[PDB]
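A.B. asks: Quick one: structure below, then a few questions.
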Amino acid sequence: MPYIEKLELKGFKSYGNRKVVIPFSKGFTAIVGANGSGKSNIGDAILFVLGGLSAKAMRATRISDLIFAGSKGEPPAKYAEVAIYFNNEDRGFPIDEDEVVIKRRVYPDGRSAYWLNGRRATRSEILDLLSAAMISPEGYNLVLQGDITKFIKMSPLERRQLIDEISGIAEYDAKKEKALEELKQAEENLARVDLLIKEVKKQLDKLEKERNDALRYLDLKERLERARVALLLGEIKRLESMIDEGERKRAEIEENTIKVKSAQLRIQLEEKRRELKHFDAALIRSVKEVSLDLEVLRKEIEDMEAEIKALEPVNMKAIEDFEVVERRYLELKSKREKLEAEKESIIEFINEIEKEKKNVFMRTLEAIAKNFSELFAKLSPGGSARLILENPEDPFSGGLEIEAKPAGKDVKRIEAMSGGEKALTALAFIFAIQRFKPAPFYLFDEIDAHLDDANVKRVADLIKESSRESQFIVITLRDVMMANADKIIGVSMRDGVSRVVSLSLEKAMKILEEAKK
């Protein structure tokens with residue numbers, strides 16, 4: 001994780017127009033000074049520079065009254081400006097730099113302005129990058145005045161969400177979401193195929209009926225034509241036994257009426273022979289070998305011609321149209337089943353994600369609860385306390401509550417915490433998370449305001465131990481807290497401005513027992 005190398009104020013609250021550079025130990029730095037030395041405005045500075053639009057939380061009546069209103073010896077500032085410098089040699093910030101520098105400036109008409117590493121940035125870019133570096137998750141690591149009370153009135157449902165962040169389930173939620181995209185696509189496709197199958201299946205059945213009519217029209221057509229060739233082979237045998245004597249009548253009846261109609265008998269005859277010279281040989285022989293009797297053939301032809309007139313109209317495209325629509329039918333039935341299997345598969349995957357997600361949540365949730373127990377016993381010896389999941393089966397729709405028991409005292413949920421018990425509990429929680437997933441820094445202004453000495457000593461020890469992996473910036477006036485800091489920054493007021501001096505254990509001792517009279 002990154003960490004604050006220093007902080008610069010120009011024109012900010014109680015600090016003058018002079019730029020002010022506040023350097024920070026990588027571990028435990030302690031801001032100390034008397035009531036109203038303005039030591040706490042440094043906390044407010046940090047919230048200001050992290051894009052805090054909080055107004056009340058920066059303890060200015062309005063956004064513009066974060067600006068030096070002027071003092072006896074210095075003119076009012078033209079604006080308020082804070083620059084914060086992070087060491088990024090670990091690349092917690094998605095920036096290919098080891099120093100990420102964020103400067104924010106607010107003008108008297110309320111407008112702000114940001115910069116990372118000198119280029120103008122918008123607020124959503126500063127915010128999204130501070131999130132990527134998990135700087136201040138829900139601001140749990142920024143504990144300003146009144147935050148403990150805000151955290152105690154906090155609902156269980158409001159408490160879980162920070163555990164989600166810490167556990168890091170977002171990566172599973174990104175996968176799940178693309179899985180649900182593909183599932184959505186999968187069944188709209190699937191629904192398209194269903195609508196195509198319904199029409200195609202109905203079109204196919206028109207075509208089955210037309211196909212079959214076209215087929216029997218075909219059969220009738222063919223029988224009708226062989227019968228036509230049949231009636232015709234007979235039609236000359238008869239006409240052949242006719243002219244055998246129908247022109248033999250000539251040399252018997254004499255005045256050439258018999259020459260004319262026997263030239264008719266020969267004139268119909270000739271051509272109803274040559275007519276079959278033009279019929280195919282396969283047809284002519286698949287009939288040359290069946291019946292005769294001419295008038296039954298003409299009655300039967302008249303019939304066959306009639307039931308052809310029945311079926312009409314027929315659509316002969318149907319015979320080929322059928323095949324094509326049936327292939328389309330069988331393929332839609334094929335596609336559907338593959339779509340439907342694809343859908344089921346996506347569903348199984350989406351269920352794998354949720355259960356992975358939940359496991360990561362519970363593993364995180366249980367680690368922190370173990371930690372929470374220990375540390376609270378450490379701050380209130382002989383005591384214990386418990387994190388409680390509201391919905392053990394679907395944690396993501398439940399809240400998360402706390403219950404504590406101080407040694408020989410009554411079990412209370414966080415709702416009903418009041419004295420410094422409220423504070424020691426809030427700090428067990430905070431430290432529980434910090435041992436699982438250290439934030440880059442923690443900011444503690446006051447929080448010792450309501451603990452006795454024996455308490456503040458264990459907190460300072462706890463802070464001192466944890467600083468081996470996290471940065472601690474504690475704004476205090478209690479000597480025991482001062483005692484373990486690696487660095488002490490002093491903050492005092494002369495003639496209406498605040499000043500910061502890089503101090504010393506016993507110097508700070510002196511100044512903070514002289515001011516206590």
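Quick note on naming: the chains in the structure tokens go A, B, ... in the order shown, residues restart at 1 in each chain, and ligands are numbered from 1 in order of appearance.
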Determine which residues of stretch 37-88 of chain A receive a DSSP assignment of strand (DSSP E), computed from the backbone, and state them as JSON, numbers by chain.

C.D. replies: {"A": [80, 81, 82, 83, 84, 85, 86, 87]}

A.B. asks: Which residues come within 9 Å of residue A:273, counting only C-alpha atoms, excluding same-chain residues fewer than 5 positions away, as JSON, numbers by chain?

C.D. replies: {"A": [232, 233, 236, 268]}

A.B. asks: Please produce a file of those selected residues containing N, CA and C atoms, as a PDB file, in the first residue's frame.

C.D. replies:
```pdb
ATOM      1  N   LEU A 232     -55.490 -45.006 -78.584  1.00  0.00           N
ATOM      2  CA  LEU A 232     -55.063 -44.677 -79.929  1.00  0.00           C
ATOM      3  C   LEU A 232     -54.568 -45.906 -80.693  1.00  0.00           C
ATOM      4  N   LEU A 233     -53.831 -46.810 -80.043  1.00  0.00           N
ATOM      5  CA  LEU A 233     -53.456 -48.056 -80.708  1.00  0.00           C
ATOM      6  C   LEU A 233     -54.693 -48.820 -81.171  1.00  0.00           C
ATOM      7  N   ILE A 236     -56.755 -47.404 -84.395  1.00  0.00           N
ATOM      8  CA  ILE A 236     -56.357 -47.683 -85.776  1.00  0.00           C
ATOM      9  C   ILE A 236     -56.648 -49.122 -86.164  1.00  0.00           C
ATOM     10  N   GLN A 268     -58.198 -39.380 -91.704  1.00  0.00           N
ATOM     11  CA  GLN A 268     -58.039 -39.542 -90.267  1.00  0.00           C
ATOM     12  C   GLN A 268     -57.059 -40.676 -89.950  1.00  0.00           C
TER      13      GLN A 268
END
```

A.B. asks: Could you tell me how far atom CA of residue A:59 sits from atom CA of residue A:478, in Å to one decimal place?

C.D. replies: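 That distance, rounded to one decimal, is 22.6 Å.
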
A.B. asks: As an exercise, work out the distance from atom CA of residue A:122 to atom CA of residue A:102 in Å and give it to one decimal place.

C.D. replies: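 Interatomic distance here is 11.3 Å.
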
A.B. asks: Residues within 10 Å of residue A:103, please, as a ChimeraX atom specification. Count only C-alpha atoms; anything in the same chain fewer than 5 positions from it doesn't count.

C.D. replies: /A:7-9,48-51,81-85,113-121,126

A.B. asks: Run DSSP on the backbone of this structure and report the residues of stretch 464-514 of chain A it assigns to helix (DSSP H, G or I), as a list in words.

C.D. replies: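 After running DSSP on the backbone, stretch 464-514 of chain A has helix (DSSP H, G or I) at residues 464, 465, 466, 479, 480, 481, 482, 483, 484, 505, 506, 507, 508, 509, 510, 511, 512, 513 and 514 of chain A.
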
A.B. asks: Would you put the residues from that selection into a file with N, CA, C and O atoms, as an mmCIF file, in the first residue's frame?

C.D. replies:
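What follows is the written file again-v2.cif:
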```cif
data_model
loop_
_atom_site.group_PDB
_atom_site.id
_atom_site.type_symbol
_atom_site.label_atom_id
_atom_site.label_comp_id
_atom_site.auth_asym_id
_atom_site.auth_seq_id
_atom_site.Cartn_x
_atom_site.Cartn_y
_atom_site.Cartn_z
ATOM 1 N N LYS A 464 1.151 1.409 17.995
ATOM 2 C CA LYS A 464 2.576 1.226 17.782
ATOM 3 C C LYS A 464 2.870 -0.118 17.116
ATOM 4 O O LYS A 464 3.688 -0.192 16.191
ATOM 5 N N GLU A 465 2.192 -1.192 17.544
ATOM 6 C CA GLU A 465 2.427 -2.493 16.918
ATOM 7 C C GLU A 465 2.006 -2.481 15.452
ATOM 8 O O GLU A 465 2.793 -2.855 14.570
ATOM 9 N N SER A 466 0.785 -2.003 15.166
ATOM 10 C CA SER A 466 0.258 -2.036 13.800
ATOM 11 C C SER A 466 1.040 -1.161 12.835
ATOM 12 O O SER A 466 0.989 -1.406 11.622
ATOM 13 N N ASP A 479 -0.138 12.434 26.858
ATOM 14 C CA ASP A 479 1.305 12.218 26.853
ATOM 15 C C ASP A 479 1.655 10.768 26.559
ATOM 16 O O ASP A 479 2.671 10.491 25.907
ATOM 17 N N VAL A 480 0.823 9.833 27.011
ATOM 18 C CA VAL A 480 1.103 8.427 26.750
ATOM 19 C C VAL A 480 1.054 8.150 25.252
ATOM 20 O O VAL A 480 1.854 7.368 24.720
ATOM 21 N N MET A 481 0.117 8.791 24.550
ATOM 22 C CA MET A 481 0.040 8.624 23.103
ATOM 23 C C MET A 481 1.272 9.207 22.426
ATOM 24 O O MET A 481 1.880 8.567 21.559
ATOM 25 N N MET A 482 1.644 10.429 22.809
ATOM 26 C CA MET A 482 2.892 11.035 22.354
ATOM 27 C C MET A 482 4.083 10.114 22.543
ATOM 28 O O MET A 482 5.028 10.131 21.744
ATOM 29 N N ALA A 483 4.065 9.327 23.618
ATOM 30 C CA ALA A 483 5.276 8.677 24.101
ATOM 31 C C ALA A 483 5.810 7.654 23.101
ATOM 32 O O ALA A 483 7.031 7.520 22.927
ATOM 33 N N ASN A 484 4.918 6.933 22.421
ATOM 34 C CA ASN A 484 5.338 5.891 21.492
ATOM 35 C C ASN A 484 5.443 6.359 20.050
ATOM 36 O O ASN A 484 5.869 5.573 19.196
ATOM 37 N N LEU A 505 10.299 14.518 21.914
ATOM 38 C CA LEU A 505 9.596 13.936 23.048
ATOM 39 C C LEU A 505 9.527 14.934 24.203
ATOM 40 O O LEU A 505 8.445 15.411 24.558
ATOM 41 N N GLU A 506 10.682 15.324 24.755
ATOM 42 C CA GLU A 506 10.653 16.129 25.979
ATOM 43 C C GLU A 506 10.300 17.593 25.718
ATOM 44 O O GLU A 506 9.741 18.256 26.603
ATOM 45 N N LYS A 507 10.640 18.132 24.543
ATOM 46 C CA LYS A 507 10.107 19.441 24.182
ATOM 47 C C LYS A 507 8.593 19.428 24.269
ATOM 48 O O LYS A 507 7.986 20.283 24.923
ATOM 49 N N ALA A 508 7.972 18.434 23.625
ATOM 50 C CA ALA A 508 6.521 18.316 23.630
ATOM 51 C C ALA A 508 6.002 18.114 25.041
ATOM 52 O O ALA A 508 4.947 18.648 25.406
ATOM 53 N N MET A 509 6.732 17.335 25.844
ATOM 54 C CA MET A 509 6.444 17.248 27.270
ATOM 55 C C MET A 509 6.353 18.636 27.878
ATOM 56 O O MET A 509 5.302 19.029 28.396
ATOM 57 N N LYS A 510 7.441 19.406 27.781
ATOM 58 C CA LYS A 510 7.465 20.755 28.329
ATOM 59 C C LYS A 510 6.243 21.550 27.880
ATOM 60 O O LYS A 510 5.381 21.886 28.696
ATOM 61 N N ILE A 511 6.113 21.800 26.573
ATOM 62 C CA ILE A 511 5.053 22.691 26.097
ATOM 63 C C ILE A 511 3.668 22.205 26.520
ATOM 64 O O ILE A 511 2.765 23.019 26.751
ATOM 65 N N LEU A 512 3.476 20.893 26.662
ATOM 66 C CA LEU A 512 2.158 20.351 26.967
ATOM 67 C C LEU A 512 1.974 19.991 28.441
ATOM 68 O O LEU A 512 1.029 19.270 28.779
ATOM 69 N N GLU A 513 2.865 20.458 29.322
ATOM 70 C CA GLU A 513 2.546 20.619 30.738
ATOM 71 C C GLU A 513 2.592 22.078 31.181
ATOM 72 O O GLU A 513 1.978 22.421 32.201
ATOM 73 N N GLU A 514 3.270 22.945 30.421
ATOM 74 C CA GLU A 514 3.215 24.383 30.662
ATOM 75 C C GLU A 514 1.850 24.955 30.275
ATOM 76 O O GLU A 514 1.271 25.748 31.029
#
```

A.B. asks: Could you list, as a ChimeraX atom specification, every residue within 12 Å of residue A:260, counting only C-alpha atoms and ignoring same-chain residues fewer than 6 positions away?

C.D. replies: /A:246-247,249-250,266-267

A.B. asks: Output N, CA, C and O atoms for every residue in that selection, as a PDB file, in the first residue's frame.

C.D. replies:
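This went into result_24.pdb:
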```
ATOM      1  N   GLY A 246     -64.249 -50.292 -96.195  1.00  0.00           N
ATOM      2  CA  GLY A 246     -64.800 -48.952 -96.388  1.00  0.00           C
ATOM      3  C   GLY A 246     -64.321 -48.242 -97.642  1.00  0.00           C
ATOM      4  O   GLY A 246     -64.887 -47.204 -98.002  1.00  0.00           O
ATOM      5  N   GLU A 247     -63.272 -48.761 -98.286  1.00  0.00           N
ATOM      6  CA  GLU A 247     -62.935 -48.428 -99.662  1.00  0.00           C
ATOM      7  C   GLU A 247     -63.170 -49.588-100.621  1.00  0.00           C
ATOM      8  O   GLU A 247     -63.163 -49.374-101.839  1.00  0.00           O
ATOM      9  N   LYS A 249     -66.032 -50.831-100.673  1.00  0.00           N
ATOM     10  CA  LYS A 249     -67.382 -50.458-101.102  1.00  0.00           C
ATOM     11  C   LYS A 249     -67.396 -49.746-102.449  1.00  0.00           C
ATOM     12  O   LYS A 249     -68.471 -49.599-103.044  1.00  0.00           O
ATOM     13  N   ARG A 250     -66.237 -49.272-102.923  1.00  0.00           N
ATOM     14  CA  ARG A 250     -66.105 -48.564-104.196  1.00  0.00           C
ATOM     15  C   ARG A 250     -66.586 -49.390-105.387  1.00  0.00           C
ATOM     16  O   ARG A 250     -67.577 -49.033-106.033  1.00  0.00           O
ATOM     17  N   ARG A 266     -59.343 -42.678 -94.739  1.00  0.00           N
ATOM     18  CA  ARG A 266     -57.894 -42.775 -94.897  1.00  0.00           C
ATOM     19  C   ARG A 266     -57.176 -41.534 -94.393  1.00  0.00           C
ATOM     20  O   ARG A 266     -55.990 -41.623 -94.073  1.00  0.00           O
ATOM     21  N   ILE A 267     -57.871 -40.387 -94.304  1.00  0.00           N
ATOM     22  CA  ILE A 267     -57.232 -39.122 -93.925  1.00  0.00           C
ATOM     23  C   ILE A 267     -57.167 -38.951 -92.418  1.00  0.00           C
ATOM     24  O   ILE A 267     -56.185 -38.423 -91.894  1.00  0.00           O
TER      25      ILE A 267
END
```

A.B. asks: When you look at stretch 343-355 of chain A with a cut-off of 9 Å (counting only C-alpha atoms), what residues show up, excluding the ones that are within fewer than 6 positions of it in the same chain? I need them as a list in words.

C.D. replies: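 Counting only the stated atoms, we get residues 172, 173, 175, 176, 177, 179, 180, 182, 183, 186, 187 and 190 of chain A.
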
A.B. asks: What are the nearest atom pairs, with distances in Å to one decimal, for all residues of stretch 460-501 of chain A that come at most 8 Å from stretch 35-46 of chain A, using only C-alpha atoms, set out by chain and rising residue number as JSON lines?

C.D. replies:
```
{"residue": "A:475", "atom": "CA", "partner": "A:40", "partner_atom": "CA", "distance": 6.6}
{"residue": "A:491", "atom": "CA", "partner": "A:39", "partner_atom": "CA", "distance": 5.6}
{"residue": "A:492", "atom": "CA", "partner": "A:37", "partner_atom": "CA", "distance": 4.6}
{"residue": "A:493", "atom": "CA", "partner": "A:37", "partner_atom": "CA", "distance": 5.1}
{"residue": "A:498", "atom": "CA", "partner": "A:38", "partner_atom": "CA", "distance": 6.1}
```

A.B. asks: Could those residues be written to a file, using N, CA and C atoms, as a short mmCIF file (atom, residue, chain, number, x, y, z; two decimals), in the first residue's frame?

C.D. replies:
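In the end it all went to part38.cif:
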```cif
data_model
loop_
_atom_site.label_atom_id
_atom_site.label_comp_id
_atom_site.auth_asym_id
_atom_site.auth_seq_id
_atom_site.Cartn_x
_atom_site.Cartn_y
_atom_site.Cartn_z
N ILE A 475 -3.95 12.70 16.09
CA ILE A 475 -4.06 14.07 16.59
C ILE A 475 -4.54 14.00 18.03
N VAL A 491 1.70 21.83 17.04
CA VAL A 491 0.80 22.77 16.38
C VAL A 491 0.31 23.76 17.43
N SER A 492 0.64 25.04 17.25
CA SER A 492 0.26 26.09 18.20
C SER A 492 -0.23 27.32 17.45
N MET A 493 -0.90 28.23 18.19
CA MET A 493 -1.47 29.45 17.61
C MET A 493 -0.87 30.69 18.30
N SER A 498 -2.20 29.07 12.59
CA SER A 498 -1.65 27.87 13.22
C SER A 498 -0.24 27.63 12.69
#
```

A.B. asks: Please compute the atom CA of residue A:17-atom CA of residue A:3 distance, one decimal, in Å.

C.D. replies: 26.5 Å

A.B. asks: Could you check which of A:517, A:494, A:237, A:499 is closest to residue A:71, using only C-alpha atoms?

C.D. replies: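 Comparing A:517, A:494, A:237, A:499 against residue A:71, the winner is A:494.
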